[PDB]
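Peer 1: Dropping the structure in here first, questions after.
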Amino acid sequence: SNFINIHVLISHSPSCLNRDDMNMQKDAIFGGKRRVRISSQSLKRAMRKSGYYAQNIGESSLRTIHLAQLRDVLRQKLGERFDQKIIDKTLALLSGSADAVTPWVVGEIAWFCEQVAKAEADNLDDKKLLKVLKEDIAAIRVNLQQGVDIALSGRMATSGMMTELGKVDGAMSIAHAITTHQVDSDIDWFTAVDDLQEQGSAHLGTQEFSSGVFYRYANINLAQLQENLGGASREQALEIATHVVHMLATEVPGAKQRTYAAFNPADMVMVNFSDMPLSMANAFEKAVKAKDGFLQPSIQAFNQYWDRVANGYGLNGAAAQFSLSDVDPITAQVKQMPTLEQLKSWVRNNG
Amino acid sequence: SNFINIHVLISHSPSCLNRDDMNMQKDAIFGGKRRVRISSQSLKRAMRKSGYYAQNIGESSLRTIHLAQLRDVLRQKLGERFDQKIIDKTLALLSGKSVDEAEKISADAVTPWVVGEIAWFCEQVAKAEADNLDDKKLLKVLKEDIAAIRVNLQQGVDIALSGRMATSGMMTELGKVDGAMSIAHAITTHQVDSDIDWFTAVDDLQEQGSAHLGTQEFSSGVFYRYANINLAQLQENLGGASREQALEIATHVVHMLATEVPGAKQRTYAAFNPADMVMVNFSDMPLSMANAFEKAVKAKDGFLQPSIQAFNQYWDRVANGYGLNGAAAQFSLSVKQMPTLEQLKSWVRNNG
Amino acid sequence: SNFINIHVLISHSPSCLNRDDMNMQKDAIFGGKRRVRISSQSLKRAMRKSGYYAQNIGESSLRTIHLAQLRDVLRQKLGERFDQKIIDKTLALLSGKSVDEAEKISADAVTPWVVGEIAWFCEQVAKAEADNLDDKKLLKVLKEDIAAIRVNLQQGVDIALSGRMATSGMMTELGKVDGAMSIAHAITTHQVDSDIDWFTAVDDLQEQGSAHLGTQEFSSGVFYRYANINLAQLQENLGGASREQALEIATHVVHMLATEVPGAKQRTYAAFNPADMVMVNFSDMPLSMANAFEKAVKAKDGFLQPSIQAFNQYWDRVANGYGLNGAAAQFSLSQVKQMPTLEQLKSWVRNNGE
Amino acid sequence: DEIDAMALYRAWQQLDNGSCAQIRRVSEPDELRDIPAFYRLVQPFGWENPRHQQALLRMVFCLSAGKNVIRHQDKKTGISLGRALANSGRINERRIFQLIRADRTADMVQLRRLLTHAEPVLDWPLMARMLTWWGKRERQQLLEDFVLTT
Amino acid sequence: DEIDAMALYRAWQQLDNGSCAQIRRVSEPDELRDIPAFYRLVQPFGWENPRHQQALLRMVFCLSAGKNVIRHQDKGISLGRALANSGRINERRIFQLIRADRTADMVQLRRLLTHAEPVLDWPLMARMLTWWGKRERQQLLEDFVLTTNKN
RNA sequence: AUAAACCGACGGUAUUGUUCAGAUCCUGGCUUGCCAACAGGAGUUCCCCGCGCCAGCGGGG
DNA sequence: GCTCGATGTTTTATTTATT
DNA sequence: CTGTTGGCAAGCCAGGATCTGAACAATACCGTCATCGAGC
């Protein structure tokens with residue numbers, strides 16, 4: 001299959017992990033009922049800026065892209081629109097035996113080739129060209145040393161990219177996190193006591209906060225990941241996928257965490273392969289009612305939903321489920337995992 | 001490891017340690033059930049104002065919005081070290097507010113101040129105007145080295161642990177501190193239906209009946225305190241302290257989190273209970289155990305035993321599942337077995 | 001040390017020592033199980049109104065919200081020392097209320113007053129009058145020395161122990177007091193299912209049936225009273241008294257907490273039981289042993305023996321666990337100095353725990 | 001389908017001294033399940049049907065405050081409970097806050113205490129509808145009526 | 001993990017006259033722990049499991065009022081509705097059951113059964129006897145009072 | 001590869017101090033648990049063994 | 001390559017109910 | 001080897017009143033338009 005589906009159930013203690021311009025908890029109406037929400041961008045940032053990400057994705061081995069090795073395939077690809085003089089001049093001034101090439105690299109380099117061609121036509125060179133294109137070159141260089149970050153998460157907010165081909169979507173897609181149950185949020189009426197004020201406090205306020213059993217969903221386009229890694233292998237893509245699983249299972253937005261401290265890990269992590277990526281959010285369309293907590297009924301509802309619809313929805317294919325609870329499991333079609341690591345290794349070996 | 005995780009299970013006899021706008025107990029919905037709550041700000045202020053904190057860590061910062069009263073205080077304290085003018089201008093530079101002789105001068109918001117930090121600052125201001133250096137360039141120069149100012153935060157550790165922001169004045173650029181620690185609201189491990197006390201106030205000049213009839217919410221509870229110290233950040237916020245100093249501070253935080261209880265209604269409910277269970281754990285990234293109590297602890301010869309048991313079970317589930325192997329010591333009383341809190345504290349002092 | 005902790009285990013024959021607006025026993029859920037409760041305020045009133053208090057400490061405070069009645073009382077008691085004009089003016093300054101000849105003047109809430117304290121204030125107001133000193137300026141200069149006023153609290157110790165709140169008047173600056181003694185609601189160490197007495201009232205002029213039918217909830221119990229005195233605060237509240245005086249007062253508090261029982265329904269249930277177990281523990285930070293009974297003590301040849309058992313055990317666990325090596329002295333009717341008589345325990349407390 | 005609240009009101013009103021005395025000494029709504037007189041009172045008003053059970057527990061508690069504490073007074077919507085509590089002029093606003101913020105069973109106790117204090121004159125079937133539902137909306141409405149009236 | 005009530009009912013109704021006669025002879029439920037025929041009866045119903053065994057003590061003690069006393073019907077009629085339907089029991093006696101202490105409650109229940117000879121749904125009553133506690137006493141009183149007052 | 005792509009709403013904060021629910025009160029009068037009854041019937045006990053009149057007696061289990 | 005500072009423009013609507 | 005049956009389970013009458021339900025002080029700030037040319 002081409003897609004990796006990652007499903008996570010994770011329970012948070014009383015906190016406020018994502019708010020709006022009125023400092024109110026982000027929410028969403030699902031199944032006619034209010035669910036507390038953690039926005040996709042907040043979750044994905046929580047991943048992308050994390051230390052784990054920086055160590056395993058940021059400092060990856062396929063990180064650096066060498067323009068040297070890319071000379072030939074570039075030479076043909078752009079060879080139809082540009083001639084080898086301009087191509088090699090461009091490549092050499094940028095840098096100062098590869099099979100395929102990442103599309104955004106081809107695009108940006110092609111733009112640079114347009115620029116140097118138009119630079120030769122007008123009759124110009126030297127520090128003139130190298131001052132007009134100083135910032136641009138700096139940009140493309142910094143990006144050329146961040147290939148895995150760009151392949152997985154997409155180009156940064158301020159990238160320097162200049163072509164339609166340089167609009168790099170991430171390989172991973174992260175849905176908004178929503179609670180599996182209805183939530184009426186709590187209010188914290190707080191005071192700020194002045195050490196110089198005898199009567200009363202110096203400030204008064206309220207803070208909205210709530211517990212919640214969240215359902216995170218994310219999927220990974222393997223093909224696109226390989227292709228954006230310069231034609232890497234399925235296995236390397238599966239390593240990256242392993243990392244994504246880990247982060248989606250452990251990483252939590254730092255919003256309001258200094259004071260509410262909801263540092264909780266996932267109680268359930270499932271991964272399955274498919275040709276069509278699907279969210280199991282409809283397992284909670286009818287809001288989960290609490291029976292000795294919201295966690296167990298949530299996992300149970302997830303399992304029952306999968307058992308009901310997985311066959312018809314064409315979700316046949318490799319599927320593993322790491323879990324901390326002892327709730328009745330899924331169909332036997334899903335391979336049970338006792339540690340997260342065994343699940344990640346299950347992912348490494350193509351399922 | 002960079003993170004010190006402090007877990008506390010503490011039982012309180014009937015009391016009311018934290019209430020809201022309508023004098024009712026603070027609570028929180030967890031796992032579909034109501035838990036009594038002690039807010040984190042209450043815990044932090046209870047700690048920073050404690051005798052233990054005063055004896056072992058130092059002076060708590062001075063949090064205020066009243067800049068005039070502050071002006072007067074600083075004048076009274078930094079008077080024999082600086083001339084009044086310099087003190088005034090320094091306050092006026094840090095706050096962004098004009099400090100004259102007004103009866104009432106108000107800052108942008110309640111802000112924590114460290115007297116020593118202010119002293120250092122007005123040293124800098126003195127040496128600034130003496131060298132004919134205007135205020136903007138002074139801001140640049142001071143912006144070039146923030147560690148010193150953070151050693152001035154060594155004189156106000158609660159700001160190094162809990163943080164500080166300012167929206168106006170040079171503080172905006174220089175006093176921006178991200179808290180080192182991190183702490184959760186204390187919630188009970190079980191469902192609570194709070195009791196109500198129907199009381200009367202008897203008048204000694206009124207033979208017939210009472211002079212006041214009223215109600216007061218209260219309850220018993222087995223609270224779960226959690227607090228991890230970030231450590232590298234504690235070193236940064238203290239101006240570049242050693243890991244030993246940060247570890248010792250963390251130790252004091254363990255002792256306080258284990259023993260300190262807000263004074264709310266304690267002169268009439270007196271729930272002076274120490275923690276029955278305390279556990280400290282070193283880890284690469286923070287880990288809270290609140291999901292041990294997501295399913296509310298059902299009573300069984302008390303709420304405390306099943307709470308501790310549930311805590312241990314979930315701890316093992318998490319450690320086995322995520323393969324966590326950071327050093328850990330538990331002190332129990334009902335991973336380590338700590339006959340005494342002191343052994344656990346020394347164990348923490350010694351990097352685990 | 002600074003903190004004198006006082007633990008009491010006391011058993012009551014079937015009774016009803018504290019009830020609510022429905023004549024039901026006051027309770028409290030602890031360790032997931034119902035405990036019959038005796039509120040702190042009831043213990044405190046039972047103590048300050050007790051004969052032992054009067055004979056050993058002095059006159060309790062005068063707690064009232066009626067400033068008219070108080071006006072009259074003060075006019076009578078201080079009339080031989082002050083002009084009615086400055087007595088009225090004083091009360092009006094302290095209360096933040098206008099005192100004229102109205103039959104009904106009400107304060108903000110029920111307030112503790114000491115006649116000697118108000119007399120002191122009268123001396124001050126009189127002097128200010130004689131010096132044409134602004135009322136505001138008088139408030140200012142008086143605010144610059146709370147100690148004397150607290151000596152006037154020596155004349156009303158129950159305030160010094162349990163504190164005073166103010167919302168209007170000069171009191172809001174001068175009369176705020178932090179209670180030295182902290183005390184908890186007495187709760188049963190065990191679970192209690194309270195019984196019901198279904199009573200009648202026989203009309204001597206009625207042959208067929210009784211004149212009244214009713215029910216009254218009652219129960220027996222083993223209560224854990226806890227109360228630590230803060231001490232330095234007790235010296236401050238008494239105007240800078242000595243440690244010895246504070247120790248005498250603390251000793252008296254021990255005696256009362258071991259002997260005084262609320263008068264409620266004692267005329268028809270008579271649960272006049274003295275405390276079987278009393279441990280005063282000298283110490284450095286307030287410590288409550290209530291968690292010894294978090295797990296409800298279960299009956300085994302009584303609730304008393306298993307309760308004293310559980311208490312002693314948990315006391316040990318905590319003592320060595322947190323390294324509490326303050327003094328620690330106990331007295332019982334069945335490292336911790338044991339006393340045969342209560343009086344030896346009291347004498348022990350008076351001597352700073354030696 | 002809907003509980004005849006006035007019929008329950010008159011029923012409670014002409015109840016013998018004994019049964020009444022037995023229902024009155026209850027200290028929380030669920031305890032009404034221990035009193036036979038209660039069942040005999042609410043049986044004709046649909047008690048053997050659960051929804052009605054909860055509603056009737058609340059209603060009969062509020063009535064158990066006493067025979068002469070809730071004065072029904074016909075419509076000229078009709079005097080709502082909040083309006084009535086304010087009209088008494090005895091109830092502090094803070095107590096109304098503490099009532100509408102309270103949780104299950106506690107809310108009914110506090111309400112009965114309020115009713116005992118105010119001795120409100122109100123449209124009883126109206127309050128009966130309110131007690132039937134008693135969601136968060138109803139409690140907020142209680143508070144806001146009380147405020148607007150003062 | 002529930003005791004098959006109907007199976008126990010059938011087991012009792014089919015039991016030899018001698019053994020059941022030996023069982024009826026008992027005066028209070030605990031004494032049943034001294035009769036062999038008892039164990040012989042409650043053995044295929046998990047007497048080995050303690051909770052089950054207290055439940056079984058009560059159930060058998062009620063079944064030992066007679067053998068034709070409790071006419072098991074089938075939808076269901078509760079014990080309260082049945083004792084009320086007999087018309088032979090006055091409310092004060094039901095109170096004398098639900099207020100009775102340990103063991104004595106069972107005796108009073110046995111006498112009530114002998115007296116009323118109720119037609120009821122047995123498994124329901126079995127569930128009641130299993131969780132014999134404040135809720136079942138309450139619902140018993142409820143059913144009795146309601147059924148009585150309807151007549 | 002969709003008004004898409006790339007994409008945090010962020011940082012600081014005790015709700016505080018004061019308070020008996022209290023006085024009065026039989027659950028009470030009447031009531032056999034009572035009549036019939038032998039604990040008797042019935043030698044299966046599966047082996048090894050020693051001595052016989054072959055009927056049956058013993059020691060080791 | 002910036003940070004600086006003066007500067008283009010323009011706002012106000014209400015005021016007692018009852019699922 | 002064998003363990004029983006009938007007949008019977010009550011009524012009267014009674015549940016209270018007094019009086020009381022608090023006050024004060026405090027509810028933040030920043031940024032998420034642009035221009036130009038100048039000084040640095």
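Chain labels follow the order of the structure tokens: the first chain is A, the next B, and so on; residue numbering restarts at 1 in every chain, and ligands are counted from 1 in their shown order.
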What are the residues of chain D lining chain H at 10 Å or less? Count only C-alpha atoms (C1' of nucleotides), and put the answer as a PyMOL selection string.
Peer 2: chain D and resi 17-22+90-92+95+113-114+117
Peer 1: Limited to C-alpha atoms, could you put the picked residues into a file as a compact mmCIF listing (two decimals), in the first residue's frame?
Peer 2:
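Output saved as selection.txt:
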```txt
# COMPACT_ATOMS: atom_id res chain seq x y z
CA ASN D 17 -50.77 15.44 59.70
CA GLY D 18 -48.96 12.12 59.98
CA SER D 19 -47.99 11.37 56.38
CA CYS D 20 -46.99 15.00 56.00
CA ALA D 21 -44.87 14.86 59.16
CA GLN D 22 -43.16 11.76 57.76
CA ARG D 90 -35.10 38.19 52.29
CA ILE D 91 -32.65 36.35 50.06
CA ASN D 92 -29.11 37.56 49.42
CA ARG D 95 -26.93 32.58 48.04
CA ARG D 113 -33.43 26.17 52.53
CA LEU D 114 -34.03 29.17 50.29
CA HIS D 117 -36.40 31.47 54.14
```
Peer 1: Residues of chain A within 6 Å of chain F, using only C-alpha atoms (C1' of nucleotides), as JSON, numbers by chain?
Peer 2: {"A": [20, 42, 155, 156, 157, 167, 169, 192]}
Peer 1: As number ranges by chain, list the residues of segment 111-324 of chain C assigned to strand (DSSP E or B) by DSSP on the backbone atoms of this structure.
Peer 2: C: 111-113, 164, 177, 181-183, 186-188, 195-201, 212-230, 277-283
Peer 1: Since we have the selection now, will you write its residues out, keeping N, CA and C atoms, as a short mmCIF file (atom, residue, chain, number, x, y, z; two decimals), in the first residue's frame?
Peer 2:
```cif
data_model
loop_
_atom_site.label_atom_id
_atom_site.label_comp_id
_atom_site.auth_asym_id
_atom_site.auth_seq_id
_atom_site.Cartn_x
_atom_site.Cartn_y
_atom_site.Cartn_z
N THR C 111 -19.46 40.48 65.34
CA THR C 111 -18.09 40.89 65.60
C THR C 111 -17.72 40.65 67.06
N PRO C 112 -16.48 40.18 67.31
CA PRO C 112 -15.93 40.01 68.66
C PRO C 112 -15.42 41.33 69.26
N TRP C 113 -15.98 41.72 70.39
CA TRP C 113 -15.59 42.96 71.06
C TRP C 113 -15.03 42.68 72.44
N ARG C 164 -10.07 37.63 64.43
CA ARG C 164 -11.17 38.57 64.19
C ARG C 164 -11.08 39.20 62.80
N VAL C 177 -7.10 40.32 63.25
CA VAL C 177 -6.31 39.37 64.03
C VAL C 177 -6.22 38.02 63.34
N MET C 181 -4.39 29.66 67.34
CA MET C 181 -4.81 28.28 67.39
C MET C 181 -5.62 27.89 66.18
N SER C 182 -5.26 26.78 65.60
CA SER C 182 -5.93 26.27 64.46
C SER C 182 -6.54 25.04 64.99
N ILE C 183 -7.74 24.70 64.56
CA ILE C 183 -8.41 23.53 65.07
C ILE C 183 -9.24 22.89 63.99
N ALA C 186 -13.95 17.71 64.73
CA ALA C 186 -13.83 16.38 65.31
C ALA C 186 -14.64 15.37 64.50
N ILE C 187 -13.97 14.35 63.98
CA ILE C 187 -14.63 13.32 63.18
C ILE C 187 -14.40 11.94 63.76
N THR C 188 -15.37 11.05 63.58
CA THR C 188 -15.24 9.69 64.07
C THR C 188 -14.21 8.93 63.24
N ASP C 195 -28.35 6.00 64.48
CA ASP C 195 -29.64 5.44 64.88
C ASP C 195 -30.69 6.53 64.99
N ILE C 196 -31.95 6.11 65.11
CA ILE C 196 -33.06 7.04 65.25
C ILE C 196 -33.93 6.69 66.45
N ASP C 197 -34.11 7.66 67.34
CA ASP C 197 -35.02 7.52 68.47
C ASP C 197 -36.40 8.02 68.09
N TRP C 198 -37.36 7.10 68.01
CA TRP C 198 -38.73 7.47 67.67
C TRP C 198 -39.52 7.71 68.95
N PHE C 199 -39.72 8.99 69.28
CA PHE C 199 -40.25 9.37 70.58
C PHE C 199 -41.69 9.86 70.52
N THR C 200 -42.34 9.85 71.68
CA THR C 200 -43.69 10.37 71.83
C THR C 200 -43.76 11.43 72.92
N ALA C 201 -44.90 12.10 72.98
CA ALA C 201 -45.20 13.07 74.01
C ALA C 201 -46.63 12.81 74.45
N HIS C 212 -47.74 14.22 70.88
CA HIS C 212 -46.78 14.45 69.80
C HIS C 212 -45.97 13.21 69.41
N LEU C 213 -45.68 13.07 68.12
CA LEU C 213 -44.82 11.99 67.65
C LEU C 213 -43.63 12.58 66.89
N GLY C 214 -42.43 12.04 67.13
CA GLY C 214 -41.26 12.57 66.45
C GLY C 214 -40.10 11.61 66.35
N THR C 215 -39.04 12.04 65.67
CA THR C 215 -37.81 11.25 65.57
C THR C 215 -36.58 12.12 65.83
N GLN C 216 -35.57 11.53 66.47
CA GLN C 216 -34.32 12.24 66.75
C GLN C 216 -33.11 11.36 66.43
N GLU C 217 -32.24 11.83 65.55
CA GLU C 217 -31.07 11.06 65.16
C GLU C 217 -29.96 11.14 66.21
N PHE C 218 -29.39 9.99 66.57
CA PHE C 218 -28.32 9.95 67.56
C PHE C 218 -27.31 8.86 67.21
N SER C 219 -26.14 8.90 67.83
CA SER C 219 -25.12 7.89 67.62
C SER C 219 -23.99 8.01 68.63
N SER C 220 -23.33 6.88 68.90
CA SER C 220 -22.14 6.86 69.74
C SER C 220 -20.92 7.03 68.84
N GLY C 221 -19.76 7.35 69.41
CA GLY C 221 -18.62 7.56 68.54
C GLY C 221 -17.25 7.67 69.18
N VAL C 222 -16.21 7.40 68.39
CA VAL C 222 -14.85 7.67 68.82
C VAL C 222 -14.29 8.80 67.97
N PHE C 223 -14.28 9.99 68.55
CA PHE C 223 -13.89 11.20 67.85
C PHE C 223 -12.41 11.49 67.99
N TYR C 224 -11.83 11.93 66.87
CA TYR C 224 -10.48 12.45 66.83
C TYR C 224 -10.49 13.97 66.76
N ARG C 225 -10.28 14.60 67.91
CA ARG C 225 -10.12 16.04 67.97
C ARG C 225 -8.68 16.40 67.69
N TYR C 226 -8.46 17.34 66.77
CA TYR C 226 -7.13 17.87 66.56
C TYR C 226 -7.14 19.38 66.65
N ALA C 227 -6.10 19.92 67.28
CA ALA C 227 -5.93 21.36 67.35
C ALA C 227 -4.48 21.66 67.68
N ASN C 228 -3.79 22.35 66.79
CA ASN C 228 -2.45 22.81 67.12
C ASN C 228 -2.58 24.25 67.47
N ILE C 229 -1.79 24.72 68.41
CA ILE C 229 -1.75 26.12 68.70
C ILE C 229 -0.59 26.68 67.88
N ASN C 230 -0.82 27.72 67.07
CA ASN C 230 0.36 28.55 66.83
C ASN C 230 0.57 29.46 68.02
N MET C 277 -7.75 9.03 75.30
CA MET C 277 -6.38 9.19 74.82
C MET C 277 -6.08 10.65 74.50
N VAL C 278 -4.97 11.15 75.04
CA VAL C 278 -4.54 12.51 74.74
C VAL C 278 -3.04 12.57 74.51
N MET C 279 -2.65 12.92 73.29
CA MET C 279 -1.25 13.14 72.97
C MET C 279 -1.04 14.58 72.55
N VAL C 280 -0.29 15.31 73.38
CA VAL C 280 0.27 16.59 72.95
C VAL C 280 1.59 16.29 72.25
N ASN C 281 1.72 16.71 71.01
CA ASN C 281 3.00 16.57 70.36
C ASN C 281 3.63 17.95 70.04
N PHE C 282 4.73 18.24 70.72
CA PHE C 282 5.46 19.47 70.50
C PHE C 282 6.09 19.32 69.14
N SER C 283 6.21 20.40 68.36
CA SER C 283 6.76 20.22 67.02
C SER C 283 6.97 21.51 66.26
#
```
Peer 1: If you take only C-alpha atoms (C1' of nucleotides) and a cut-off of 7 Å, which residues of chain H touch chain A, and what are their nearest atom pairs and distances in Å to one decimal, in chain and number order, as a tab-separated table?
Peer 2:
```
residue	atom	partner	partner_atom	distance
H:25	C1'	A:200	CA	3.9
H:26	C1'	A:201	CA	4.5
H:27	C1'	A:204	CA	4.2
```
Peer 1: Based on the selection just made, write N, CA, C and O atoms (P, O5', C5', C4', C3', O3' and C1' of nucleotides) of those residues as a PDB file, in the first residue's frame.
Peer 2:
```
ATOM      1  P    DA H  25     -15.086  48.569  49.250  1.00  0.00           P
ATOM      2  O5'  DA H  25     -13.796  47.928  48.577  1.00  0.00           O
ATOM      3  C5'  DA H  25     -12.517  48.200  49.107  1.00  0.00           C
ATOM      4  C4'  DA H  25     -11.481  47.323  48.441  1.00  0.00           C
ATOM      5  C3'  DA H  25     -11.681  47.140  46.950  1.00  0.00           C
ATOM      6  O3'  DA H  25     -11.026  48.184  46.250  1.00  0.00           O
ATOM      7  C1'  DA H  25     -11.225  45.044  48.006  1.00  0.00           C
ATOM      8  P    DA H  26     -11.502  48.597  44.774  1.00  0.00           P
ATOM      9  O5'  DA H  26     -10.800  47.519  43.831  1.00  0.00           O
ATOM     10  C5'  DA H  26      -9.388  47.457  43.756  1.00  0.00           C
ATOM     11  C4'  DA H  26      -8.944  46.113  43.221  1.00  0.00           C
ATOM     12  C3'  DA H  26      -9.577  45.710  41.905  1.00  0.00           C
ATOM     13  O3'  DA H  26      -8.846  46.260  40.826  1.00  0.00           O
ATOM     14  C1'  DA H  26      -9.542  43.874  43.437  1.00  0.00           C
ATOM     15  P    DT H  27      -9.607  46.764  39.508  1.00  0.00           P
ATOM     16  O5'  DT H  27      -9.955  45.424  38.716  1.00  0.00           O
ATOM     17  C5'  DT H  27      -8.920  44.527  38.397  1.00  0.00           C
ATOM     18  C4'  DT H  27      -9.363  43.474  37.392  1.00  0.00           C
ATOM     19  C3'  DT H  27      -9.971  43.989  36.079  1.00  0.00           C
ATOM     20  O3'  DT H  27      -9.101  43.650  35.020  1.00  0.00           O
ATOM     21  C1'  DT H  27     -11.034  42.042  36.878  1.00  0.00           C
TER      22       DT H  27
END
```
Peer 1: Select, from C:22, C:310, C:299, C:232, the residue with the minimum atom-to-atom distance to residue 109 of chain D, counting only C-alpha atoms.
Peer 2: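 Counting only C-alpha atoms, the residue closest to residue 109 of chain D is C:22.
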